[PDB]
Amino acid sequence: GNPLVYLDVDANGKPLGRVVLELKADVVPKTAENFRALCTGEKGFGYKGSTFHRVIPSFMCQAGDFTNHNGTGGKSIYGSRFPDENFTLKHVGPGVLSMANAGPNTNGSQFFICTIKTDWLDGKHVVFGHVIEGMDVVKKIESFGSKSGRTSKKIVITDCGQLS
Ligand SMILES: O=C(NCc1ccccn1)C(=O)NC1CCCC1
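Residues numbered from 1 in each chain as written, not as in the entry; some residues may be left out. Heavy atoms only, no water.

X-ray crystallography is the method the PDB entry lists for this structure, together with a resolution of 1.66 Å.

Structure (structure tokens):
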């Protein structure tokens, strides 16, 4: 079956809890594999210790820049960037997991979890999973965002990995 991965998140050094995500490897195997390996850190790099650097209430929580920690960086397990696999899955509502990018075919490691339906991102951002458990954790993260995306608390992925 599809991988189940986790993110344990702190806000200002205190645990918020765990976000569990299903990666739709059946639809986007290459995008799901990249995220799965960055969670385990099995390639010698990944999300562990990185932050949610851009959070916009009533929109989304963005993370994954483990190289520059500011939204300009990140890298995939394949190389610096990889193509848009497909746009089959849509940004249907809260809990959608999707790839951040800098235009077509620029997927790296940055991703976002939506807190609303974001239909304008369909056909532009590759959706590759959804929140199974921990939407309460996502709402907490979201509450520490702002209109500019600047976070009011330091949001850190302390631990991450694969459940199944
Ligand atoms: O912030 C985003 N892209 C900039 C970027 C991403 C990687 C490398 C360099 N520059 C980006 O796609 N955010 C998504 C979250 C909601 C709007 C779309």
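Back to the text.
**Observations concerning the site of the ligand**
Residues in contact with the ligand, as listed here, are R54, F59, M60, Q62, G71, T72, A100, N101, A102, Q110, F112 and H125. A distance of 3.1 Å separates an oxygen atom of the ligand from a polar atom in the side chain of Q62. Between the ligand and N101 there is a distance of 2.7 Å, counted from a nitrogen atom to a backbone nitrogen or oxygen. Summarising the interface, the protein chains cover 78% of the accessible area of the ligand, which totals 440 Å² for the free molecule. The residue inventory of the shell around the ligand, partitioned by class, reads five nonpolar, six polar and one charged. (Near = heavy atom within 4 Å. Polar contact = N/O pair within 3.5 Å; in protein donor to acceptor, adjacent residues only side chain to side chain. Areas by Shrake-Rupley, 256 points an atom, 1.4 Å probe, with all protein chains shown as cover. Nonpolar A, V, L, I, M, F, W, Y, C, P; charged D, E, K, R; others polar.)

**Some thoughts on the layout of surface pockets**
In this structure, the largest pocket encloses a volume near 240 Å³. What lines the largest pocket is a set of 16 residues, and nearest its centre among them are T72, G73, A102, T106 and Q110. Of the residues in the lining of the largest pocket, the class split is two nonpolar, twelve polar and two charged. Considered as a void within the structure, the second largest pocket measures approximately 150 Å³ in volume. If you go around the second largest pocket, the residues you meet are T51, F52, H53, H69, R150, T151, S152, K153, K154 and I155. Here the residues of the lining of the second largest pocket are counted per class, giving two nonpolar, five polar and three charged. (1 Å grid on protein atoms, 1.4 Å probe; cavity = no way out; pocket = protein on both sides within 12 Å on 5 of 7 lines; lining within 4 Å. Points joined across faces, edges and corners; volume = space filled by probe spheres on them.)

**Examining the UniProt feature "domain: PPIase cyclophilin-type" in the protein**
Under the local residue numbering, the UniProt record ascribes the feature "domain: PPIase cyclophilin-type" to residues 6–162. Span residues 6–162 is 13% helix and 29% strand, its end C-alpha atoms 6 Å apart. (UniProt positions renumbered as here; feature names shortened; annotations may be inferred. Helix = DSSP H or I, 4+ residues; strand = E, 2+ residues; numbered from the N terminus.)

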